[PDB]
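First comes one chain, alone, set out as structure tokens in the form deposited in one PDB entry.
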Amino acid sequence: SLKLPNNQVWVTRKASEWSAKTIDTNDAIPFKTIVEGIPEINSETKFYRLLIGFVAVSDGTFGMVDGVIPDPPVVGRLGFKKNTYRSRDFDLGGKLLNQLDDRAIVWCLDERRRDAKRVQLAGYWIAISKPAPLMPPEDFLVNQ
């Protein structure tokens, strides 16, 4: 279930640590942010899976939402427990970025809702359509 078809690859990037907060709100990470800073990705990339893993300092619930101040998730909402690794594979359906750029993952904590590192995320893993071999642009070494 970490194996891919031959026309897809895994890409990843490091997740930021969460700072303490002063407002009362939902914690949400938008999909466009998850993808920012991954060079294999462009307007033609199709997206098949997003894997997330985390540990939280409280019980709570989480899931993916489509509206985006994002609502708590309804369909597919799942629970987690304090200090227990939780993970989730989200199916992205072979869609392009412009079709997923309204999505976010949202967490609702029972307690310690404003603490620093209240959720600690592993790297994000995304299965995408396999890119051509990476190469600098042809005009990179002009005036070298």
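From 1 onward, residues are counted along the sequence shown. Shifts are known only where both forms have a C-alpha. What we label the rigid core is the largest C-alpha set whose atoms superpose within 1.5 Å from one form to the other.
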Between residue 68 and residue 69, determine how many residues of the deposited chain lack coordinates; answer none if the chain runs continuously, otherwise 1 to 3, 4 to 9, or 10 or more.
4 to 9
Select between 47 to 55 and 71 to 79 the stretch whose C-alpha atoms have the higher average B-factor in the entry.
71 to 79
Mind pulling up the entry and telling me whether 15 to 23 or 121 to 129 has the higher mean Cα temperature factor?
15 to 23
Highest CA B factor of 39, 63, 30, 60, as deposited, is found at 39
Going by the CA temperature factor in the PDB record, which third of the chain does residue 105 belong to: lowest, middle or highest?
lowest
Report the third (lowest, middle or highest) to which the CA temperature factor of residue 95 belongs, ranking only the modelled residues of the same chain.
middle
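Absent from the display: the form deposited in another entry. The rest refers to it.
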Any CA movement of 2 Å or more for residue 136 between the shown form and the other one, core superposed?
yes
Aligning on the rigid core, do we see the C-alpha of residue 78 shift 2 angstroms or more between the shown form and the other one?
no
Shifted regions of at least three residues between the shown form and the other one, judged by C-alpha displacement of 2 Å or more after core alignment
70 to 76, 132 to 144
